[PDB]
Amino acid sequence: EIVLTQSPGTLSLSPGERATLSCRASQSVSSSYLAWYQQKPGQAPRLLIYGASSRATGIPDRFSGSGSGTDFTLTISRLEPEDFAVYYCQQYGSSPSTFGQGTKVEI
């Protein structure tokens, strides 16, 4: 199975700053099969990115995804206090779909 290792593990930022999250894959995943999620405590995951670059419906332009092959990166441009939560990366290019361990964005 394909393992997704995210980095950093935890990230404390003040509002208005740029957060850069990484998602390293054990193998090459084609850019069309990687997604990013946001999850606040006591809630279901929220889809941010789906085509490695492409944005889900209603998601602001503050969130941006990028990458290819093994390395992928989620970038939050301007951090609002609503953005501080856990962020996961997902591969669905082959069965079974695997998730990252999660990067907690803190204040």
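Residue indices: 1-based, along the sequence shown.
*Asks:* Could you check which stretch, 71-79 or 44-52, carries the larger mean CA temperature factor in the entry?
*Replies:* In the deposited entry, the stretch with the higher C-alpha B-factor mean is 71-79.
*Asks:* Please place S28 in the lowest, middle or highest third of its chain by C-alpha B factor as given in the entry.
*Replies:* CA B-factor rank for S28: highest third.
*Asks:* Quick check on the deposited entry: does the C-alpha B-factor of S95 sit in the lowest, middle or highest third of its chain?
*Replies:* For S95, the deposited C-alpha B-factor lands in the middle third.
*Asks:* Considering only modelled residues of the same chain, in which third does the CA B-factor of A85 rank: lowest, middle or highest?
*Replies:* Middle third of the chain for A85's C-alpha B-factor.
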